[PDB]
């Protein structure tokens, strides 16, 4: 659940989502769930041909990368939290 917490930390933030299908999508992280599905608002090309769409829902198991900014993350907390998790 570590990364669910992490992703909850970037709500309202701009993110770049790279699909396993080579589709890239920039937009504002509105929502995450347990499977790491993402709901984005205000999406834009950084990309497929779509019509007029504002909100999307991505399936977690189909993402390769989410691009972030270093400003968006206290790496210290990330590491210490990662040290806590049990494997």
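Positions refer to the first chain, counted from 1.
Gap between residue 46 and residue 47: 4 to 9 deposited residues without coordinates.
Once the C-alpha B-factors are averaged per stretch, 69 to 77 and 9 to 17 rank with 69 to 77 first.
For the two regions 51 to 59 and 31 to 39, the entry's Cα B-factors average higher over 51 to 59.
In the PDB entry, a CA B factor belonging to the highest third of its chain's modelled residues is recorded for residue 87.
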